[PDB]
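Heads up: the structure comes next, in structure tokens.
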Amino acid sequence: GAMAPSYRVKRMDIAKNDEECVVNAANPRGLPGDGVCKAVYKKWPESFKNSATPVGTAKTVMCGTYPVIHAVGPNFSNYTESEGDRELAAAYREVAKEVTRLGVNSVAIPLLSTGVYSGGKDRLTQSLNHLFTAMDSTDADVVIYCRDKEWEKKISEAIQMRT
Ligand SMILES: Cc1ccc(N)nc1
């Protein structure tokens, strides 16, 4: 575990992370994809061997000794708000199980279902609150990665609010 488990947020490419493992915002088929998934495929292509997994689950594949946790959030274009909310919560619970099993002291994590799976809605708060519900009982240092300057400020505010 980390000495004093924390949450942080950085605005940069998660492929440049300084953590002991990474969470990919994966598709269910283990395809290279777009956004985070494309950056992760470029950086860790070996981790896409047999990475296909259903919605609401996470599957870890090693790139050398570096763990890539493929977490499949729902595409809100296809799911109802209710069913999508349940699957998005479940994906993060499976990430917390993997992070714990791996025994890492730190993890880099994107906000699942906030980009091309958002069904064109702002899901910062919904996705971040499911991340906290899952990760709060873990003792890894969590570093959240985002692209957008306004999102960085809002995520930083949400973290600071609860400290
Ligand atoms: C949110 C986001 C988008 C791309 C990337 N490489 N990391 C994080």
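Mind checking which residues of segment 43-56 are of a type outside the set (S, T, N, Q) and surrounded by 14 or more Cβ atoms within 10 Å (Cβ to Cβ)?
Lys43, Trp44, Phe48, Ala52, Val55, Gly56
So which of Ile155, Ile109 ends up being more than 26 Å from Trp44 (Cα to Cα) and within 12 Å of the ligand (Cβ to nearest atom)?
When all the criteria are applied, what remains is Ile155.
Taking segment 9-24 as the search range and keeping residues that are in a loop (DSSP other than H, G, I, E, B) and of a type in the set (D, E, K, R), which one is farthest from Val36 (Cα to Cα)?
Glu20
I'd like the full set of residues that are away from the ligand (no atom under 15 Å from the Cβ) and either more than 22 Å from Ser106 (Cβ to Cβ) or part of a loop (DSSP other than H, G, I, E, B) (or both), limited to segment 36-47.
none
Return the only residue of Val40, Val61, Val72 being free of Cβ contacts under 8 Å to residues at least 60 places away in the same chain, buried (at least 21 other Cβ atoms within 10 Å of the Cβ), more than 20 Å from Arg86 (Cβ to Cβ) and not basic (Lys, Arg).
Exactly one of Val40, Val61, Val72 is free of Cβ contacts under 8 Å to residues at least 60 places away in the same chain, buried (at least 21 other Cβ atoms within 10 Å of the Cβ), more than 20 Å from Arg86 (Cβ to Cβ) and not basic (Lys, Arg), namely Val40.
Kindly indicate the residue of segment 24-37 that is touching a residue at least 40 places away in the same chain (Cβ under 8 Å) and within 11 Å of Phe48 (Cβ to Cβ) and also surrounded by the most Cβ atoms within 10 Å (Cβ to Cβ) among those meeting that condition.
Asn24
Out of the strands (runs of 3 or more DSSP E) lying entirely within segment 48-151, which hold 3 or more residues that are in contact with a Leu (Cβ under 9 Å, 6 or more places away or on another chain)?
66-71, 141-146
Which of the residues belonging to segment 25-35 are within 11 Å of the ligand (Cβ to nearest atom) and either out of contact with any strand residue (DSSP E or B) (no Cβ under 9 Å at 6 or more places or on another chain) or farther than 15 Å from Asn75 by Cα (or both)?
Passing the criteria: only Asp34.
Only the coordinates and a few stated rules stand behind these numbers; no lab work does. A quick note on method: Cβ atoms are made from the backbone with ideal geometry, for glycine too, and the neighbour counts reach across all protein chains shown.
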